[PDB]
Structures are given as C-alpha cells and as structure tokens.
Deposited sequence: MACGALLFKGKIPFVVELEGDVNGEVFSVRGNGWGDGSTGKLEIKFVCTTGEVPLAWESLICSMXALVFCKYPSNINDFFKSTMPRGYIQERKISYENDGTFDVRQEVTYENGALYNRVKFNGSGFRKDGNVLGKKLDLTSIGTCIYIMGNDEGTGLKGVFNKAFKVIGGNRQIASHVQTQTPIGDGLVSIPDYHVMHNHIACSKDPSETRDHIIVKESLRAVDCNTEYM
C-alpha cells in the first residue's frame, strides 16, 4: 500500500491548558522513500501554542524500512495502529496524545486527540518561542515487553527563538487496531528530519512540514 506517494490527511482536536482548537492537514507520504509533505491549517482560528509542539503528534508508517528490520507500522495496515505519547517539556507542561493511524479510501489518516496541561504562562510553548526550521531527531523503536506492540523514547531539542534549546522528552507506544498478524521488531532507531515553513501568501494560521524518515539498524550502522 506504501510503494509510492499516497494522500496523507491529519485531523487534530487539541485542548491545551483548556484552550480548544482544531487542525486539518493535507499532503502526501511515500513509505518507499520515507518522505512526506503536508500543510497544517488551524480551522478554529489560531493555535494557542507553538506549532512546533504539534508537529510529531501530526505517521511513522511512512518511514523507509530496510528489509532486515520488522516494519510494525506497515504490518498493521490497512486497519492500522494506536500511537500514544506522553511528552514532557523541561521546566514546562506535559502533552497526553492519542492517535489513530489508519489506511482508508486509498489514504493514510492520522486522527489525533492532543491534550496538554501544566504549561507555564511565560514558557516557550504558550509563548510560541520554538522553531523547527531544519532539525534532525533520533527516535528509539522496539518491541514492548509482551511482544504485542511497540514502545519508544526520544528527545526533541527544539530551537528556542532568542534562547538556546528546549528538550521535550517523549515516551511512545504503538498497538495494532485490528486482530491481524503484526510484525514486532527488536531495538532500532529512526533518523528523522523536519523542515517547517510558512506560506507568506497564505492568510490562515498554518505551517508547512517536510519530514524525512529512515529506520536504522544502529547496532550495525553506528560501528
């Protein structure tokens, strides 16, 4: 299903320190090259927080997997998987995020419930002081202890506009939505790249995201 560009559609309902907002993204992902491009629009007016804080919540199924690592994400399709994260910001609040990642009508949908609490008034998140202009991130992927799904961990070192860097710590799980046979990997990493940009022509609150995604047998490739 993932040999070639396919539509990538995102629906995020957000609730951060009791500020409710909706985001819709349309673009494309290519699971054989590990590339995607998508434009996110806030449909309820303006995001009450850093766009950058939304980006990883808004499709690791598009990751370019080598043939020697089990690709859990593609193995669950078309029914797909649940992707859940706790994201903890150094000196700031916490996001609780639940995603349904499914293949429907020839398209990959990321449907996201994005909740945040404890965020600080003069913090980088509510202050919108974060930047992902061009940034590499390494994500740890492995089988959960029961061998029914995935767990993972990673940091993002967000650029802080007029500051230094802000670490957000992510804990993730992925569990299949269906009862079909799934493929469980051992420990590996994703080398991921984000570039975020704004259309100066566009008048609505939005952000354009390009990602690169590659699964890496770091146990071999780091030697």
Checklist entry - Where are the gaps relative to the deposited sequence? => result 1 to 6, 65
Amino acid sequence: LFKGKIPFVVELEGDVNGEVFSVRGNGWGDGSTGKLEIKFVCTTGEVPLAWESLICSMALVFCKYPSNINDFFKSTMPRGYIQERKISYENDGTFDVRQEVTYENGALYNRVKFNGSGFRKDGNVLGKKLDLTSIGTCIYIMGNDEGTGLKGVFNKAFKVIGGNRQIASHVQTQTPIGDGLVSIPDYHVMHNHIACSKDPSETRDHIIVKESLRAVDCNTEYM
From here on, numbers count along this sequence of modelled residues.
Checklist outcome for this item: Higher of the two mean Cα B-factors (187 to 195, 161 to 169; per PDB record) comes from 161 to 169
Checklist entry - What stretch has the higher average Cα B-factor here, 148 to 156 or 119 to 127? => result 119 to 127
Checklist outcome for this item: For residue 182, the third of its chain by CA B-factor is the highest
Next on the checklist: Among the modelled residues of this chain, does the Cα B factor of residue 51 put it in the lowest, middle or highest third?
Outcome noted: middle
Checklist outcome for this item: Chain-relative C-alpha B factor for residue 136 (record values, thirds): the lowest
Next on the checklist: Lowest, middle or highest third: which one holds residue 57 when the chain's residues are ordered by CA B-factor from the entry?
Outcome noted: lowest
Item to check | residue 94 - which third its CA temperature factor falls in, relative to the rest of the chain | outcome: lowest
